[PDB]
Amino acid sequence: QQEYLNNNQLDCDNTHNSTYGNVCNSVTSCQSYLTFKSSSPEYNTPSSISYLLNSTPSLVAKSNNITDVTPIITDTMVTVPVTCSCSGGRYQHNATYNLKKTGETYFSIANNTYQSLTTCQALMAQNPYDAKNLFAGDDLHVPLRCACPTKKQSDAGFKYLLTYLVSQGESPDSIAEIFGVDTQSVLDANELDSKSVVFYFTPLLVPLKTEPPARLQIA
Ligand SMILES: CC(=O)N[C@@H]1[C@@H](O)[C@H](O[C@@H]2O[C@H](CO)[C@@H](O[C@@H]3O[C@H](CO)[C@@H](O[C@@H]4O[C@H](CO)[C@@H](O[C@@H]5O[C@H](CO)[C@@H](O[C@@H]6O[C@H](CO)[C@@H](O[C@@H]7O[C@H](CO)[C@@H](O[C@@H]8O[C@H](CO)[C@@H](O)[C@H](O)[C@H]8NC(C)=O)[C@H](O)[C@H]7NC(C)=O)[C@H](O)[C@H]6NC(C)=O)[C@H](O)[C@H]5NC(C)=O)[C@H](O)[C@H]4NC(C)=O)[C@H](O)[C@H]3NC(C)=O)[C@H](O)[C@H]2NC(C)=O)[C@@H](CO)O[C@H]1O
Ligand SMILES: *[C@@H]1O[C@H](CO)[C@@H](O[C@@H]2O[C@H](CO)[C@@H](O[C@@H]3O[C@H](CO)[C@@H](O)[C@H](O)[C@@H]3O)[C@H](O)[C@H]2NC(C)=O)[C@H](O)[C@H]1NC(C)=O
Ligand SMILES: *[C@@H]1O[C@H](CO[C@@H]2O[C@@H](C)[C@@H](O)[C@@H](O)[C@@H]2O)[C@@H](O[C@@H]2O[C@H](CO)[C@@H](O)[C@H](O)[C@H]2NC(C)=O)[C@H](O)[C@H]1NC(C)=O
Ligand SMILES: *[C@@H]1O[C@H](CO)[C@@H](O[C@@H]2O[C@H](CO)[C@@H](O)[C@H](O)[C@H]2NC(C)=O)[C@H](O)[C@H]1NC(C)=O
Ligand SMILES: *[C@@H]1O[C@H](CO)[C@@H](O[C@@H]2O[C@H](CO)[C@@H](O)[C@H](O)[C@H]2NC(C)=O)[C@H](O)[C@H]1NC(C)=O
């Protein structure tokens, strides 16, 4: 189980424990998965998606049953296999990002470009620049949110945890349907309960008993 972000990442003055990333409460490394909505014209191929998220064009390719140069239709959610490793007491997958234009912010990079796969808190915590002091050409360490299954999750038969990008209209029940798991199991992984509220544009952990489906459909 990991703590749920609970929209604490939309206010870059918030300092909650969860905004700095998932907590290293299990094995030191593991295979994990991210999700990412294809965006044209900059991030709609395996090369550019894996360049942004620091994966590999063929892992993206095999994970979605496409070729490593297949253009992905805009707004399609694709799975991105990434190595998750403990770092300073946090689970993360290290990636790098050059600011393309002066005017981008830690929040715009976190919520817009990376689609809430990281937080401005984690970006600020792991980069030297002050928030109001960013210029085109600055090179940022990007800690992407991932986690490794706990011994309790591994005992229940979960091999991977997946970071899911929640869209408007979904529920822990409809998301768990995509991956064929108990709606409960999704609530455990994010330390939620039956009455808990799940916001869109906020990443959610999904425990997987097998590899994710090649094509995620209705979200
Ligand atoms: C039948 C049934 O029951 N079904 C169930 C379903 O209903 C259920 O589905 C759920 O239903 C829920 C109920 O409807 C629903 O909940 C709602 O969810 C909404 C979406 O999350 C949510 O709306 C939220 O609300 C929040 C809270 O208020 C809002 O948050 C605010 O957002 C603002 C922007 O939008 C934020 O602001 C920005 O802040 C950042 C950082 O602080 C700031 O960035 C800085 O900017 C400055 C200025 O520019 C930068 O400075 C510049 O820097 C550059 C670069 O160097 C310099 O060059 C430059 O000079 C310099 N300028 C200057 C002047 O100096 C600086 O760098 C930046 N800093 C950094 C670090 O980057 C921005 O500027 C700010 N922007 C602005 C415009 O001000 C603000 O912080 C933030 N507030 C807080 C407190 O966080 C959200 O916006 C809002 N979002 C939207 C989209 O509306 C609702 O509130 C929820 N409602 C309720 C009731 O809870 C669920 O979503 C829904 N889920 C789903 C999946 O649908 C399901 C699930 O349970 O279950 C079914 O069963
Ligand atoms: C978090 O990032 C999301 C996107 O990842 C931001 O949501 C996007 O917000 C804009 C406007 O705020 C939405 O529309 C845009 O503006 C106009 C009006 O619709 C339109 O002409 C443009 O094409 C553009 O889409 C946009 O649809 C919306 N994206 C999604 C997926 O809903 C969001 O503002 C960011 N911030 C927060 C605090 O959530
Ligand atoms: C941030 O949280 C971690 C662990 O996450 C939480 O831990 C529990 C307190 C509970 O809220 C769980 O649901 C969360 O997952 C904190 O580390 C733990 O600290 C406690 C208390 O000292 C200790 O018993 C645990 O063994 C620690 N676990 C781990 C994995 O380190 C951590 O201290 C918090 N950090 C900050 C800065 O708030
Ligand atoms: C992607 O999707 C499925 C496996 O998930 C494969 O579907 C086959 O598609 C070919 C045409 O490309 C058909 O001739 C086969 O009959 C299909 N088989 C089934 C069982 O549906 C497909 O091969 C995969 N890979 C691609 C398109 O490269
Ligand atoms: C992932 O990146 C972080 C930084 O974003 C690395 O953490 C640094 O680790 C070195 C030694 O390994 C320390 O001297 C630095 O102070 C650390 N910085 C921060 C901000 O934590 C981490 O090592 C990287 N992990 C991997 C696996 O590459």
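Residue numbers start at 1 and run along the sequence shown.
- In this structure, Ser116 contributes its side chain and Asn111 its backbone to no donor-acceptor pair below 3.5 Å.
- Taking each heavy atom of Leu123 and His141 in turn, the nearest pair found is CD2-O, 3.4 Å.
- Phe107 has its side chain within reach of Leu10: a pair of non-hydrogen atoms, C-beta onward, lies under 4.5 Å apart.
- A side-chain donor-acceptor contact under 3.5 Å links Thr105 to the backbone of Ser108.
- Remark: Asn65 CG to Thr70 OG1 distance equals 9.5 Å, nearest 0.5 Å.
- Connection of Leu59 to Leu144 is not established within any shared hydrophobic cluster, with ILVMFWY side chains joined at heavy-atom distances below 4.5 Å, either directly or through further cluster members.
- Annotation: side chain of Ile49 is in contact with side chain of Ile72 (closest heavy-atom distance under 4.5 Å).
- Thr79 places no side-chain N or O within donor-acceptor distance of the main-chain N or O of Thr35, the cut-off being under 3.5 Å.
- Of the N and O atoms on the side chains of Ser185 and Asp188, not one donor lies less than 3.5 Å from an acceptor on the other residue.
- Side-chain heavy atoms closer than 4.5 Å link hydrophobic residues (I, L, V, M, F, W, Y) into clusters, and following such links, even through other members, never connects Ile73 to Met77.
- Taken from CD in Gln126 to CG in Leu140, the straight-line distance is 11.0 Å, to the nearest 0.5 Å.
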- Query: Checking side chain to side chain contact (heavy atoms under 4.5 Å, CB included) for the pair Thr119/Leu5: CA distance, chi angles, key distance, verdict?
  - Reply: CA-CA 10 Å; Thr119 62; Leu5 259 178; 4.0 Å; yes
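- Put simply, the side chain of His16 never gets that close to the backbone of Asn8: no donor and acceptor are under 3.5 Å apart.
- At least one side-chain heavy atom of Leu134 sits under 4.5 Å from a side-chain heavy atom of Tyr106.
- For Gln115 (side chain) and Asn112 (main-chain N/O), no donor-acceptor pair under 3.5 Å exists by modelled atom type.
- Contact of the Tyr97 side chain with the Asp139 side chain is not registered, since no non-hydrogen atoms from C-beta on lie closer than 4.5 Å.
- The distance from atom SG of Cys30 to atom OH of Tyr91, rounded to the nearest 0.5 Å, is 6.0 Å.
- Here the side chain of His93 pairs no donor or acceptor atom with the backbone of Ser32 at under 3.5 angstrom.
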- Message: Could you go through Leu34 and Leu162, starting from their C-alpha distance and side-chain angles, then the distance that decides it, and tell me whether this counts as side chain to side chain contact (heavy atoms under 4.5 Å, CB included)?
- Response: CA-CA 6 Å; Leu34 307 177; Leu162 174 139; over 6 Å; no
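- For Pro46 against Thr67, the heavy-atom pair with the smallest separation is CG-O, 3.6 Å.
- No hydrogens or angles considered: nothing links the side chains of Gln92 and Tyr20 as a donor-acceptor pair under 3.5 Å.
- With no hydrogens or angles considered, no side-chain donor-acceptor pair links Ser26 and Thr150 at under 3.5 Å.
- Among pairs with a residue in residues 158-178, those fulfilling side-chain hydrogen bond (donor to acceptor under 3.5 Å, both in side chains) read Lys37-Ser167, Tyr160-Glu211, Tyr164-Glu170, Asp173-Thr183, at least two apart in sequence or across chains.
- Checking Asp68, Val60, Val80 one by one against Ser50, the side chain to side chain contact (heavy atoms under 4.5 Å, CB included) holds for a single residue, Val60.
- Without hydrogens or angle criteria, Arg90 side chain to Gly21 main chain gives a donor-acceptor distance under 3.5 Å.
- Looking at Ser18 and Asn6, their side chains never come closer than 4.5 Å, going by heavy atoms from C-beta outward.
- Going from atom CD of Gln9 over to atom SG of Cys120 covers 8.0 Å, rounded to the nearest 0.5 Å.
- One N or O on the side chain of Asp138 and one on the backbone of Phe135 form a donor-acceptor pair closer than 3.5 Å.
- Under the 4.5 Å side-chain heavy-atom criterion for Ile, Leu, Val, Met, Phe, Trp and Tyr, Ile218 and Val181 are members of distinct hydrophobic clusters.
- Heavy-atom minimum distance, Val82 versus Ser55: CG1-CB, 4.2 Å.
- Residues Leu99 and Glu104 approach most closely at C-OE2, 4.0 Å, considering heavy atoms.
- With contacts defined as side-chain heavy-atom distances shorter than 4.5 Å, the pair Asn7/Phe201 does not qualify.
- Residues satisfying the salt bridge (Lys or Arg N to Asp or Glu O under 4.0 Å) criterion with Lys151, sequence neighbours excluded, are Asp155.
- Contact annotation: the side chain of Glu191 never approaches that of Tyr4 to less than 4.5 Å [non-hydrogen atoms, C-beta and beyond].
- Between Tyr43 and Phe36, the ring-plane angle classifies as perpendicular under the 30° and 60° cut-offs.
- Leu208 contributes atom CG, which lies 8.0 Å from atom OH of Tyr33 (distance to the nearest 0.5 angstrom).
- Between the side chain of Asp182 and the main chain of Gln184, no donor-acceptor pair closer than 3.5 Å is present.
- Residues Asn54 and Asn94 come closest through the heavy atom pair ND2-O, 2.6 Å.
- Both tests do not hold together for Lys132 against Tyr129: distance to the six-membered ring centre under 6.0 Å, angle to the ring axis within 45°.
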- Message: Between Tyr114 and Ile109, does the side chain to side chain contact (heavy atoms under 4.5 Å, CB included) criterion hold? Intermediate values first, please.
- Response: CA-CA 6 Å; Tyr114 279 90; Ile109 288 153; 3.8 Å; yes
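- Put simply, the side chain of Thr76 reaches to within 4.5 Å of the side chain of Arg215, judged on heavy atoms.
- The minimum heavy-atom distance between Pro203 and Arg145, with the atom names listed, is CG-CD, 3.9 Å.
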- Message: Set out, in order, the CA-CA distance, both residues' side-chain angles and the distance that settles side chain to side chain contact (heavy atoms under 4.5 Å, CB included) for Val206 and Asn190, then state yes or no.
- Response: CA-CA 8 Å; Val206 177; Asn190 305 273; over 6 Å; no
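- Panel note: side chain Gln121, backbone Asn14; a donor-acceptor pair is recorded below 3.5 Å.
- Under the 4.5 Å side-chain contact rule for hydrophobic residues, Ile66 and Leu53 share a cluster.
- Applying the disulfide bond (SG atoms under 2.5 Å apart) test to pairs two or more places apart or on separate chains, those with a residue in residues 73-104 are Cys24-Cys86, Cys84-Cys146.
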